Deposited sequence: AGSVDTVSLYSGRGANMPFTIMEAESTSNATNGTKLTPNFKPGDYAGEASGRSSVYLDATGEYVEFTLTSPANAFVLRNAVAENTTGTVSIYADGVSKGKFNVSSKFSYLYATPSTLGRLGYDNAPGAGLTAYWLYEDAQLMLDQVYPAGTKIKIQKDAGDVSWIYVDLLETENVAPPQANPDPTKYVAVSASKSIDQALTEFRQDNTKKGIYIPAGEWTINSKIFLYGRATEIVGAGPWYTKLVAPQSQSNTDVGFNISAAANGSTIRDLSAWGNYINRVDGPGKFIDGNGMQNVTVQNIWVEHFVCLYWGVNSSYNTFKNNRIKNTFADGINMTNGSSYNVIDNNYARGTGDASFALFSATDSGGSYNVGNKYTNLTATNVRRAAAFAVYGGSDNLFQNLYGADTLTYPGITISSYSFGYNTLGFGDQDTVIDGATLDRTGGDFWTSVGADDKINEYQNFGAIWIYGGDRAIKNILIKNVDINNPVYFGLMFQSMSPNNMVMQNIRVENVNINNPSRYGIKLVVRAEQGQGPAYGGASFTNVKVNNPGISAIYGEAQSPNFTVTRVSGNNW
């Protein structure tokens, strides 16, 4: 792509191809800011009746997603036009946006939904979904316009466009028990469990309340919808933060959930509940072509292996998108799109079963990461992250590669490579933690590059980073750091075919003193065909001050 191959096209409002009579924001990297939090670090602000931004379709579309920001505690509309003719109204709302913290309490980002004395609003953008009753061809002018009766003001960030097929019917009424106006999901599953000729259930087009955790047991179960734009599982929207969705018991290993959407009612992060799918230790489960929003996570695996997450959309969650932990191995996380996760979009945390091994995170897109990294790998062995697109992180790297234990029982990285192969990282990095007494100090935070290679308290070894383009990172392209006093010697750390374009500070930073009591990196790394282009200060910082770290310039480096 790079990244996921999805049927929708993403178009930035602020593109120079888009006529507007509104206000185009100058980009910055600030959390809590309408530019800093936008895709592309810019939006078009519509602030008077008649103000518009005009998109042009590059593929046919009958359906649209408008990422936008409106005032706190408001709902309303903004208008959509096709070739100058009004065609409908988006339902725009800040119900799920505006999470409050302060610049020194970003650890609270996502947790606190109420405004208050001295609190700043973060996580300002949210989405509106709209289907029109015609497929408009490529080249159609799709205008977003603020008409009389629409909201008082709106920041227009991007538009998704999609040509959605008609809804798919029950594949076989004699094998899939249909949910209906008078037969609930639980009742259909009971009928399925008690009749061995059934393969599962079918959930038709419509809105279907999920006010409970729905348990899958008995045997492997198929749950099939009509398509994610059509079958909508809806948490009770007059409630907040209810733990609903599916929980897959061991008897239902081998199950499949596909072709539907799930619309949670979380308005802030809660740690414990809130994963749309629970399945601790689950095996051979397939989750395919589902679209999930407003949960804490899609899935948090614990010794969960041989599972497949494919073709999914994970948007506007309050923590991680998918995390696989504590022995989770041989999983296929392929061709998924995440935007607006509230913690790491796609993550792998290896812990004791020795390591998480054999996982393949492929063809993944993670953008507008509202906290933490787009992609996070903590230890493990023989795990592949391939064909990635990451962009617009609020507080942390595009990719974190870390051997810090967080107090859990883990061995760090193992004896087979953890591979990042093929990645584009646009405007990644950010500020987090504190930097009291730090070297190379520019603000009150620690400062994170597009890729952070962090040796923690466990072994840091066998890391291969290749075929990566890092464009306009907030601060640095590659950032290497060793936790003191552990000073774990980094071994077999190799970087190949990497372009680092326009980093504001350095192409490569070897962290010398992250904060009081911390020192420089231990071990070394090899660089082949690594280009640093137009760094703000210099190509590499820290080399002379890191006497325990050897930079090996194999060939092809311009620094």
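J.: What's missing from the model if you number the deposited sequence from 1?
T.: Residues missing from the model, as numbered along the full deposited sequence, span 1 to 11, 364 to 366.
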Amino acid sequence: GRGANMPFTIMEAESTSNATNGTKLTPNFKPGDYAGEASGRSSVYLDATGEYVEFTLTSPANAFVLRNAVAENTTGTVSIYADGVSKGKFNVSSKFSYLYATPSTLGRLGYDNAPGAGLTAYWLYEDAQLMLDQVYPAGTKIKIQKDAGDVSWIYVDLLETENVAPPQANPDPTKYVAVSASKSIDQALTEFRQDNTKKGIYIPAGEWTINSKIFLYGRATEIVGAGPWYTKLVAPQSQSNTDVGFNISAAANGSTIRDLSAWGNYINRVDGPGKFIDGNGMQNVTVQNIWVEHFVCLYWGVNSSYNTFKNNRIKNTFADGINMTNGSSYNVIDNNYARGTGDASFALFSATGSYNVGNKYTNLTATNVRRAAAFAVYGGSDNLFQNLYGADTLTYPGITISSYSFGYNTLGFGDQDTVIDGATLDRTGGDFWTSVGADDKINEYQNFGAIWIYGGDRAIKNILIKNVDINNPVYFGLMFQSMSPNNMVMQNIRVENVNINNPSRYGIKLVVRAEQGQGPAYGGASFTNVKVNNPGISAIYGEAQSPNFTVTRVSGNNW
From here on, numbers count along this sequence of modelled residues.
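J.: Quick check on the record: does 382 to 390 or 482 to 490 carry the larger mean Cα temperature factor?
T.: Of 382 to 390 and 482 to 490, the stretch with the higher C-alpha B-factor average is 482 to 490.
J.: Looking at the entry, does 473 to 481 or 110 to 118 show the higher mean C-alpha B-factor?
T.: Stretch with the higher mean C-alpha B-factor: 110 to 118.
J.: Please work out which residue in 428, 174, 336, 368 has the highest C-alpha B-factor recorded for this crystal structure.
T.: Spelled out: the listed residue with the top C-alpha B-factor is 174.
J.: Of the choices 462, 350, 265, 211, which one's C-alpha carries the largest B-factor in the record?
T.: Spelled out: the listed residue with the top C-alpha B-factor is 350.
J.: Lowest, middle or highest third: where is residue 539 by C-alpha B factor in its chain?
T.: Highest third of the chain for residue 539's C-alpha B-factor.
J.: Based on the deposited C-alpha B factors for this chain, I'd like to know if residue 496 is in the lowest, middle or highest third.
T.: As the PDB entry reports it, the C-alpha B-factor of residue 496 lands in the middle third of its chain.
J.: Quick one: classify residue 344 as lowest, middle or highest third of the chain based on its Cα B-factor.
T.: It falls in the bottom third of the chain.
J.: Would you please rank residue 15 by its C-alpha temperature factor against the other modelled residues of its chain and give the third it falls in: lowest, middle or highest?
T.: For residue 15, the deposited C-alpha B-factor lands in the middle third.
J.: Once the chain's modelled residues are ordered by C-alpha B factor and cut into thirds, is residue 281 in the lowest, middle or highest one?
T.: Tercile = highest for this residue's CA B-factor.
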